[PDB]
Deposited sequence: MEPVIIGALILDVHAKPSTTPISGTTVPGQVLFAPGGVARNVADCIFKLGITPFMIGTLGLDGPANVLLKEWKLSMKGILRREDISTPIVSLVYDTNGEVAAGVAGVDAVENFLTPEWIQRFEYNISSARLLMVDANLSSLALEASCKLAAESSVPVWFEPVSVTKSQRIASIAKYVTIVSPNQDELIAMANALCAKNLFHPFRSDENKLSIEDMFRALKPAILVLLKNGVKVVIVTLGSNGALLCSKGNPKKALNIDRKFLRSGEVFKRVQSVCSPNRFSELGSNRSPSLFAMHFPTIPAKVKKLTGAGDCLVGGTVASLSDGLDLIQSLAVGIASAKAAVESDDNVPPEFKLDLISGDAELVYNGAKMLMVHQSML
């Protein structure tokens, strides 16, 4: 009952300059191709963790597609290929700290050609999935078709918001969505989408960040999202759920060491925990959030609970920021396990002194 992953397959061009980029000219640096796209990365990540996902997406019959498919070891049955399709390309120029200085995304093939008509061919895979992961590169209509199919079979849906603009596609599907994984800005954009107004604004301690984000988080939850995971970069992640997180969504290494009886307080309408990350040496930050999703989905797919699974996701994200690839060539399970335990044992409840 494999997890089904639906969304963008993208050829990333990553330009890491040796010094500070300057308008009007080129600086020397390192320019690389990396297999990318949120859905492709998530599927890649899940597979490298020992779980087989089913990928649904679209590619051209062009050079970038060949690069993307060169080492592809999963089924391609879900991949729409047509000659009138241009394989999506993202070009990033980084700053010397590893943050994106300037970027252009050309991903219109996903919005235009990854259609309900293509996706509905796979109603069996979706309705029988352990979980459905959709990214926001899909058009609203594709998103609706996907999420309704999962929903009618009570298959939990993970919505990956992709960007501040695309995250707003939550608006027409929130009731069908079980889990979302925005960063701070995407969370605010999503809240504003669901409010149909620009009521919350973008942007220090964890309690402070949480107090700032809480109203926005509540907006998503009462619009039907059951779990909000707010990724905070080097500050880790927040896990907020409607109801107890263990029965809200509703490996052998991790399960033995990240005890499902560590946390006493495990049903409130807003449950909130902070997960720290682990000090890393960054080669490239791109693809960390995607590996957080991959690692979490893989663990959930193997029967771990959401607190354990997120710990694994955060371990996987750490491994990713230390690679030039979006997803590391390989994961080492002793490292992932070790890191997951650290994150997990370091995780804390928020709203401890509050009671509302």
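According to the record, no C-alpha positions are given for deposited positions 204-209, 257-267, 284-287, 378, numbered from 1.
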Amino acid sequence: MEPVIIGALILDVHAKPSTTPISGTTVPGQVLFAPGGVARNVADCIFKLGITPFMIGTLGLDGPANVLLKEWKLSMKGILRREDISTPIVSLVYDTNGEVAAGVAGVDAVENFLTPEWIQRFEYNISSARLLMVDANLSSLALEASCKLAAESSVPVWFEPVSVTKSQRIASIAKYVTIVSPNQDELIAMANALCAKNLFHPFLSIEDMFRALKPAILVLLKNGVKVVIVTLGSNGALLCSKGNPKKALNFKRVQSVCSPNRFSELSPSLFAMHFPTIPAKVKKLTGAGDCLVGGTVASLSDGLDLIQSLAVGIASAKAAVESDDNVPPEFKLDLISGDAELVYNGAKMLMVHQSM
From here on, numbers count along this sequence of modelled residues.
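Averaged over CA atoms, B-factors in the entry run higher in 257-265 than in the other of 257-265 and 119-127. 335-343 and 21-29 differ in mean CA B-factor, and the higher of the two is recorded for 21-29. Residues shown: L199, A272, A142, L220. Highest C-alpha temperature factor in the entry: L199. The PDB entry assigns its highest CA temperature factor, among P279, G78, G236, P88, to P279. The PDB entry assigns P329 a C-alpha temperature factor belonging to the highest third of its chain's modelled residues. The PDB entry assigns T96 a C-alpha temperature factor belonging to the highest third of its chain's modelled residues. Sorting the modelled residues of the chain by their CA temperature factor places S205 in the highest third. In the PDB entry, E111 places in the middle third of its chain by CA B-factor. Ranked by Cα temperature factor within the chain, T286 sits in the middle third according to the deposited record.
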